[PDB]
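This document opens with one chain alone, in structure tokens, the form deposited in one PDB entry.
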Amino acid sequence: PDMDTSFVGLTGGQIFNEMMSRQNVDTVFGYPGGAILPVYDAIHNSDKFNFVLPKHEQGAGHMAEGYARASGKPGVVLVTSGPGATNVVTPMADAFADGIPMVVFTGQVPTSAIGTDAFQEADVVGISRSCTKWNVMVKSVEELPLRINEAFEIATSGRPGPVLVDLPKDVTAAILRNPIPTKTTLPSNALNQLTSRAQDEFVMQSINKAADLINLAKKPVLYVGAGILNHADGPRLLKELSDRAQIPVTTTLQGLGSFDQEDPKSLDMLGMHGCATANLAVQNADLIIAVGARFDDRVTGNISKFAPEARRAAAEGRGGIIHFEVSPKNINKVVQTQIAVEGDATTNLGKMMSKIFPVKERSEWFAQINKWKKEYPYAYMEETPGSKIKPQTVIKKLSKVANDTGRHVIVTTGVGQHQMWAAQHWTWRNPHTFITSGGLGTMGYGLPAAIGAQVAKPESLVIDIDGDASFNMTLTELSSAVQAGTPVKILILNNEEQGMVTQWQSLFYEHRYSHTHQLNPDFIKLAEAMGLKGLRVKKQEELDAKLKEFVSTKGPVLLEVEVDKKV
């Protein structure tokens, strides 16, 4: 039928509630206030949704991020006007940089008060314009389902990202009196979507040219990033291709977990803080197959000397770069490409799979590299009798202790040295288990991301590997964890005695001279004040028992490890 009457007689708040169900939302992160009251009241006390409350709206925002990254669903945020809205700008910017689907609803002053400098009237659509894929102010209750459907579709398509929908108080309190078009109330499908001959042929041409090229070269590497994780079936098809054509796999920071690092063909992470084996494979390589990765500055060296062996194979028409990329703009934006395969990376891998010649082996490649490893494993000064505890050692031990439980394990982090140590020294096996702020690098991300991930995956063991300065940013959310019941495991690598700011350093043995020390709280007393268990390690001898207790503990728990200040 043309018109939809099902919402007639409902308030905007009740329509919002119905629309969340139609979008298969079962979790909302948010915080009350006068402007959002009509919606908050319709949602907060409803059997249909788990409404998770932070102590600060920024915490709702990062919780929604961790929920989205752990679940593959959009994270939904509900906050009030004015400071409620301006408080979620950092999580929006964070979600925008990392391509995370987030739908932010902000209460607003009534439509009739817009542009009068009313109490808590902020220009939220203007403020959030550069850090959302799209935003809108809803102007009448008739328009509310439309904008909700548009918000969820835009957030979850192309490269996923945050969107904002501004909700004037008079609009959500109003009752819908008349029918509205059915087109505007039904969610988009994007599933069983028809395409034309023209469209089909276009992609298949680029698919054939790349299928023949991989089949050509036999010094290739798969260079994989976050985009392979944006389809349920990405990692499976990635391993399928890796196996079939015996192709070594290296990932970005944001692609960690998309490939089993135990697999003999794993190169692990590449770039500035990546391992030498991966990087050398890339300066070499006649063919880089880039899959859902954007060639960030920290991954590529200088562009010029970056993968010249691939550039030479390109000039000799025998290799180069293939880019499986969903957003045409990011194609040839940083490095110039030979073949572009536009669209969803996983879908295009699938289409391409049959056209791939099964490969025996490459051992001047495979038996090679496998020796690059020996001469360049990750190296750090390891403990000696009496020495301080090394953070890398903590992370390796913790990885093993978590693995021993046989549980699904999800790791979030703060931002800093501990973030890279986590990336490097944990052994990554499963998709959607490393949840870290990579594109914006938001300190304070770790704890609320862990809480939202835990809500997404109640059976998972969720560990926040955090820094002391990062953790201070958002530590009020400890009580949120206790209130939500989420049994997150919060690890603080406390290296407070070295400064936050490097003033200079030795040329070689990176002895760092630093300043700017923050005064930390007592983290164990803090944890107990907030209602959770606190554990502390001061010496090597107690590390193993405390890590075991940390992981074994029922309920949320904080473990502080005092660590050595020099890497």
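Note that residue numbering begins at 1 and tracks the sequence as displayed. Residues that one form lacks are left out of the comparison. Superpose the two forms; the largest set of C-alphas matching within 1.5 Å is the rigid core.
Another form exists, deposited in another entry; not displayed. Remarks below refer to it.
*Asks:* Which listed residue (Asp26, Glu510, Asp522, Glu528) has a Cα shift of at least 2 Å between the shown form and the other one, rigid core superposed?
*Replies:* Per the superposition, the moving residue is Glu510.
*Asks:* Taking the rigid core as the reference frame, tell me whether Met500 has a CA displacement of 2 angstroms or more between the shown form and the other one.
*Replies:* Passes the 2 Å threshold, so yes.
*Asks:* Considering a change of 3 Å or more, are the Cα atoms of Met500 and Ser437 closer or farther in the other entry than here?
*Replies:* Nearer in the other entry, by 3 Å or more.
*Asks:* Given that the CA-CA distance for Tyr509 and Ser399 shifts by 3 Å or more in the other entry, does it become closer or farther?
*Replies:* They are farther apart; the C-alpha distance rises by 3 Å or more in the other entry.
*Asks:* Superposing on the rigid core, where do three or more consecutive Cα atoms all move 2 Å or more between the shown form and the other one?
*Replies:* Flagged stretch (3+ res, CA at least 2 Å): just 497-516.
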